[PDB]
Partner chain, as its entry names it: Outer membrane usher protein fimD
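Given next, in structure tokens, is a single chain: the form solved without the partner chain.
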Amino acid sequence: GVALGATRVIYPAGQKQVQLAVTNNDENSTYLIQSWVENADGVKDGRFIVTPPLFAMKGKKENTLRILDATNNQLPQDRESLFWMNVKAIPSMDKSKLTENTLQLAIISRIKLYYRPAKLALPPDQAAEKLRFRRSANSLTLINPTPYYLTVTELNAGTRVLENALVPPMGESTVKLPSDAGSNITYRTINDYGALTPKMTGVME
């Protein structure tokens, strides 16, 4: 049972490194921790590097992962850039089930990592509100003009409950509008602490 200490990571542009906690519950069973960061497209470029890239956690232990900025400020500076942090827990081969038909699983925790250009006006707290809309009878289009990724959750066409959305900086996303509509569009979001912001009312643009 290996778990990350956060459900996301904010990488402040400039910081030499950010750190994440990993803790292994299983009182008895070693693990090999292998971490990496893929970019938005899922490819392992080297924009970010985690250390130690590979290490063991024996029994109930706690250690720290440090995320290093390899991207020489080659990323957009007006908005956050989306990345994915992955931490894999590699078990060990039982020399006991060796001549047996076996299946081993390797649990991995994959969380968002935002590169936040430290120099933006609109403060993160003041972002969910800026969320406008565009509701048809099938194509509700979440619209985010801020420079932060909006993790829209608990969205509702007033009464009808919809599917969560991730709205990109100065961009937009369209969630299938069920028509069991309203206009009483309602939503909460997920802040830097993986905490639900307070419920706000949809404000179609």
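Numbering follows the first chain given and starts at 1.
For the pair 145 to 153 and 40 to 48, the mean B factor over Cα atoms is greater in 145 to 153. Here the stretch with the larger average CA B-factor, out of 195 to 203 and 1 to 9, is 195 to 203. Highest CA B-factor among the listed residues (116, 112, 88, 95): 95. Per the deposited record, 138 carries the highest C-alpha B-factor of all listed residues (63, 138, 35, 174). In the deposited entry, the Cα temperature factor of residue 103 sits in the middle third of values across the chain's modelled residues. Ranked by C-alpha B-factor against the other modelled residues of its chain, residue 82 falls in the lowest third. Remark: residue 53 belongs to the lowest third of its chain, ranked by C-alpha B-factor as recorded. For residue 18, the recorded CA B-factor ranks within the middle third of the chain. Only modelled residues enter the ranking.
What comes next is about the form solved in complex with the partner chain, which does not appear here.
When contacts are defined as a non-hydrogen atom within 4.5 Å, all of 34, 64 and 106 contact the partner chain in the deposited complex. Taking 171, 178, 52, 158 one by one, only a single residue has any non-hydrogen atom within 4.5 Å of the partner chain in the deposited complex, and it is 52. Contact with the partner chain in the deposited complex, defined as a heavy atom within 4.5 Å, holds for exactly one of 79, 135, 88, 132, namely 88. For residue 184, no non-hydrogen atom is located within 4.5 Å of the partner chain in the deposited complex, even though that partner is not displayed. In the deposited complex, none of the heavy atoms of residue 139 sits within 4.5 Å of a heavy atom of the partner chain. When the partner chain is considered in the deposited complex, residue 143 lies well away from it, no heavy atom lying within 4.5 Å.
At least one heavy atom of residue 92 is located within 4.5 Å of the partner chain in the deposited complex.
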